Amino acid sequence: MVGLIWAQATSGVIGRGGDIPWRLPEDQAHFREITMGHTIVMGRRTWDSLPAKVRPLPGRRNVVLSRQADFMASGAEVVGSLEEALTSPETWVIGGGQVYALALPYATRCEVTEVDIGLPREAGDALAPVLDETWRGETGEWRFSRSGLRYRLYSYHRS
């Protein structure tokens, strides 16, 4: 099982300026629940976005994709291809835009948090992947984050 997990604005923006223009504790808790115990695969830029204090994310096999053969990610594995990272029963691809696109052919689940923020797309933004017809999606109810933004979860799935 390869899954993708991401949060996006309604416009599809998932990152900007190397970070994320919102922060929902409730979604972070859902992210921890879904990924705990499993492999997490992330691009190098997303690894760079994690403060050294918090990485590797605990209780998970942290894997970083990089084309730099000598890149060092203390507490993680750095691999040069996505296929190397797929040696567990569950692998969660946790970003960013480039790695979601690369991992989509391998995936059977996308856990997508939609953030009710009106965020027009900018040059340089990282964007969520386009999901074609093969994906089956249950659209959850709008929830109120304590941050003030509404959000809802889509659990997309395909065989």
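Rigid core: the largest C-alpha set superposing within 1.5 Å between the two forms. For every residue, the number given is its place in the sequence shown, counted from 1.
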query	finding
Stretch departing more from the displayed form, 47-55 or 110-118, Cα RMS in 8 other deposited structures of this protein (core fit)	47-55
Selected stretch [higher average CA B-factor]: 58-66 or 128-136	128-136
Residue stretch of maximal mean CA temperature factor, 114-122 vs 37-45	114-122
C-alpha B-factor winner, where the candidates are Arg143, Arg146, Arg23, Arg16	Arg143
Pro105 CA temperature factor, ranked by third within the chain	middle
For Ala29, the third of its chain into which the C-alpha B factor falls	middle
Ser155 - which third its CA temperature factor falls in, relative to the rest of the chain	highest
